[PDB]
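A quick write-up on the structure given underneath.
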Amino acid sequence: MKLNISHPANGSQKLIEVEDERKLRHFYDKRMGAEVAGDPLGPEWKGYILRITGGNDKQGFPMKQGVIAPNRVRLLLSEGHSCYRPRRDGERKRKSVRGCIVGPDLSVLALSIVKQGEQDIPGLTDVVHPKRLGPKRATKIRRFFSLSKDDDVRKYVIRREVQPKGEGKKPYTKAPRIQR
Amino acid sequence: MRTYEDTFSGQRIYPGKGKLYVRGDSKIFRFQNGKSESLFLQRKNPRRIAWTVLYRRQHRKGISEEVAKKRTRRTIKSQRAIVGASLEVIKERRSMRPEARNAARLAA
RNA sequence: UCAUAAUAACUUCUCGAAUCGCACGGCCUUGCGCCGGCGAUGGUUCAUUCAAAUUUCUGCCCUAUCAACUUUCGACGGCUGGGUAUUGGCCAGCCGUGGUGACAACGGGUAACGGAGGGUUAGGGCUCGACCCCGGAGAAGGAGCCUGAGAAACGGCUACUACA
RNA sequence: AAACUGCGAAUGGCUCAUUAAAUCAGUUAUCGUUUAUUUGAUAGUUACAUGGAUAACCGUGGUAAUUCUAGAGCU
RNA sequence: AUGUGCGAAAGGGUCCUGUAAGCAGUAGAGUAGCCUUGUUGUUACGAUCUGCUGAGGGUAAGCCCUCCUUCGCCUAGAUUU
RNA sequence: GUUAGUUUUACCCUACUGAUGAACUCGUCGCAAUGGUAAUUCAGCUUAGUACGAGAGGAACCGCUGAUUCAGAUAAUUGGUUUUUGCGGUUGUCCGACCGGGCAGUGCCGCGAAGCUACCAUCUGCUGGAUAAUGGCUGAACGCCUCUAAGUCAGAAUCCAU
């Protein structure tokens, strides 16, 4: 039964295979969004606390927060709900979702790290990934760099570099067209 | 070997005890003794029978409550470097002394 | 008791532009100051247009081996409300005993969607009209509903029955 | 390109099952109502510019199966 | 016939029934009075509901345990080989 | 041809099924003369689409697992029975009301332990000897032949024992 572990702080994700059930005994009967200790997973997990975020059933159905049951139930999912993407305005479709109580039946759990432990994870907490985009709105740029009322927000925007395919010319720069 | 629970009253069922009932609509009911099924076939509501497990949990007998809401709201952490500028670039620019900023306004 | 205006108050309560494109202009206290044109997209009320829903008068085939019909649980009328975009026995209470008929009611048949019109001719007539134009209804049989100015919609959704 | 947002998808096209004052025809009324759009008028009571999310995207997954969808990170 | 004795009570365990009497309540469809007219204004009536309450009652008469709960009884009377 | 019409007595003797018992001191542990006697039948898998036959058709021994009729016990589970008048619900009337009770031959209804009980529930039912029918061995009477005349082998749900 696989585990999907994510690190929001470092922006890193990993998937692991666990086949020994007594390590997963402490996970049973917990609810989605609860707090659990990662000590039974292994010696390298000492000092770790994890948050249960979601999972998938053996048939493939996902868990939906707010329904208390170990089996799966049929629901009339309207617009704005979690596991429904309507194809037409005002459309309502009846679907089946699995409850929020963890059990041995599910195939994959999804969970994230809340507090770092003393030991490090070989492929999860030892690497970080940069952000993708900087702020674009005018007021958000000023707050990010703690500028004053009149500090020429134009000059401080983040600009990257890109080069043509094979023209041999110098690369140029791109800017986000500050709004408001 | 395994144990089951009475559908009407929730009592534990051990092998060889009770009965098994199959209705016309293909629904399966299990009983532990004669008291349960005699009340079930009489069209009695299990939520109004004082000794059933389902009645007890509705009136919240022997159960306590827990709250952990505001504890989760505290979960905040640090920041990282955007692809455009490495982490050393952002804090150097935010910590520029005001004299440089004054020069920028006059120059512009 | 129309249009419109005035006074005392009220409201989980609105609207009265934090939006976009072209042109490059004119003043003097020369300040990264003030003013200025034409369009796009929105916005409250009245008027207009495309309409829609109800509504007045008269007009449909054969049959009496169909002569009395309507009010269990609205059938005809009065009153106070509820609901609807609005009128109304459309609905809820209370109170009257009425309404149609030999000038054919009520019921049964239709190998019956209605009309503009087709065929055949001294005149008078007989017969047909599913079908290119106008109006109405349906998307296998029944009911229910969301979005929206507008749907009880099916190349939209929910449930049962029958097929698959 | 993609994706959010706006509009249309209630027009066309097909058929004649039900239906005997019902549909329909000519002729009236709305001082008894709703109306997108079009057209013409029309509203004096931090400001040199306010606040939080989300899609596209990167990357990590489940089911034999569908225009099924999960949790993590930007704007 | 001095005993791990016998008998009568008691406590615990196990079962069956299904939440006792009593008191209290900003519970309760409503109704009738009095006033200073109230944000629960009070005085009276009210099937039922909620709390103390898986409570109360019964349990060997052919159920179990107790030397470590209490109180009683005892080396006979008669006949025969 | 058709319709309606009173069915008496056992306590006596014997027989049968069970139950006590005088005499030789009172007891405990044992042998077994004689009497009784018990089990029964089928189906499925495999052997096998094999032997046999031109074809059509179509067996059997062992082995394995179940079922029918009968017999002897038992009540852990499931079902029946209710005077446990054990607890609860309710109608009429009586004790002034509440509480707690009487009467209506057990007022009535739901559940109901204990005991009894059902192929309506569960368990169990043995193998030695001697033979009949028949098929054989050695072998005369009858210099050949022959299961019989002397002797002898196998053998049935039979008979006698365990």
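Virtual Cβ from ideal backbone geometry, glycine too; neighbours counted across all protein chains shown. Here, each number is a calculation from the coordinates, and none is a lab measurement.
Computed quantities for the displayed model
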item: Tabulated pairs, region B:16-41, first closer than 11 Å to B:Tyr4 by Cβ and within 15 Å of RNA strand E (Cβ to nearest atom), second polar (S, T, N, Q) and part of a strand (DSSP E or B), C-beta under 9 angstrom, 6+ apart or interchain; result: none
item: Single unsatisfied condition, A:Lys58 versus (1) basic (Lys, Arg); (2) touching a residue at least 12 places away in the same chain (Cβ under 8 Å); (3) surrounded by 14 or more Cβ atoms within 10 Å (Cβ to Cβ); result: (3)
item: Number of positions in region A:128-167 that are part of a loop (DSSP other than H, G, I, E, B) and among the basic types (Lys, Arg); result: 7
item: Residue satisfying condition, being more than 28 Å from the chain's Cα centre (by Cα) and farther than 30 Å from A:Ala34 by Cβ, within set A:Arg154, A:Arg137, A:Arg159; result: A:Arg154
item: Check on A:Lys14, in contact (Cβ under 8 Å) with a residue 12 or more places away in the chain and away from every other protein chain (no Cβ under 14 Å); result: yes
item: Pairs, first within 7 Å of another protein chain (Cβ to nearest Cβ) and over 11 Å from B:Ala104 (Cα atoms) in region A:147-158, second buried (at least 16 other Cβ atoms within 10 Å of the Cβ) and among the aliphatic types (A, V, I, L, M), C-beta under 8 Å, six or more apart; result: A:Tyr156/A:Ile141; A:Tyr156/A:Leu147; A:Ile158/B:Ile82; A:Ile158/B:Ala85
item: Checking A:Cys83 against (1) in a strand (DSSP E or B); (2) under 24 Å from A:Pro8 (Cα atoms), the condition it does not meet; result: (1)
item: Single residue of A:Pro135, A:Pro164, A:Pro122, A:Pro171 found to be away from every other protein chain (no Cβ under 12 Å), without any contact (Cβ under 8 Å) to a residue 12 or more places away in the chain, within 20 Å of B:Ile82 (Cβ to Cβ) and not polar (S, T, N, Q); result: A:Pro171
item: One residue from A:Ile52, A:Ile121 being assigned to a loop (DSSP other than H, G, I, E, B) and β-branched (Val, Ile, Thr); result: A:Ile121
item: Among residues of region B:54-90, those that are in contact with a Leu (Cβ under 9 Å, 6 or more places away or on another chain) and either within 30 Å of B:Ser9 (Cβ to Cβ) or facing another protein chain (nearest Cβ under 8 Å) (or both), counted; result: 5
item: Residues of region A:17-59 classified as within 27 Å of B:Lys69 (Cα to Cα), among the polar types (S, T, N, Q) and more than 14 Å from chain B (Cβ to nearest Cβ), total; result: 1
item: Cβ-Cβ under 8 Å pairs, at least 6 apart or on other chains, region A:100-112 side within 14 Å of chain B (Cβ to nearest Cβ), far side more than 16 Å from RNA strand C (Cβ to nearest atom) and not in a loop (DSSP other than H, G, I, E, B); result: A:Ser112/A:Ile5; A:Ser112/A:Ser6; A:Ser112/A:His7; A:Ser112/A:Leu50; A:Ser112/A:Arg51; A:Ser112/A:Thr53
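Okay, residues lined up against (1) surrounded by 10 or more Cβ atoms within 10 Å (Cβ to Cβ); (2) farther than 30 Å from A:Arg142 by Cβ; (3) touching a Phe, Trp or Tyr at 6+ places or on another chain (Cβ under 6 Å):
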site	(1), (2), (3)
B:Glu5	yes, yes, no
B:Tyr21	yes, yes, yes
B:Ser36	yes, yes, yes
B:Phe40	yes, yes, yes
B:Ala50	no, yes, no
B:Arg60	no, yes, no
B:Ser64	no, yes, no
B:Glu99	no, no, no
